[PDB]
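Before any questions on binding or motion, here is one chain by itself as structure tokens, the form solved without the DNA.
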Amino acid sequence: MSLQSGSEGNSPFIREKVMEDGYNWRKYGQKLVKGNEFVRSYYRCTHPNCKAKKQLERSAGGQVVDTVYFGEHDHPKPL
């Protein structure tokens, strides 16, 4: 059950407890690796003046096997 969900402590959303568009994320793009069998997706913070980036790895059947997050946010919620 944990593997299916809650596998990664660091997630884009917390307890889905969002007041309303608290965080703005924009899909960086999509890239296929080793054929359509393996694919990768890049995500970056929509908010300007932000170097925070997020990378998600998905393979046949979607699902995430590896999540990478780099950068810090000075605005936890919308201003």
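Quick note: we count residues from 1 along the sequence shown, nothing fancier.
Keep in mind the form solved in complex with the DNA is missing from the figure; the text below concerns it.
**OP:** Give a yes or no on whether each residue among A52, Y69 and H75 has a heavy atom within 4.5 Å of the DNA in the bound PDB entry.
**Re:** Verified in the bound PDB entry; spot residues all out of contact, no.
Original post:
Taking the shortest heavy atom distance, is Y23 within 4.5 Å of the DNA in the bound PDB entry?
Top reply: No, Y23 is distant from the partner.
**OP:** Determine the residues of 42 to 78 with a heavy atom within 4.5 Å of the DNA in the bound PDB entry and present them in sequence order; the list may be empty.
**Re:** Counting only heavy atoms within 4.5 Å of the DNA in the bound PDB entry, the contacting residues of 42 to 78 are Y42, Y43, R44, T46, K53, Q55.
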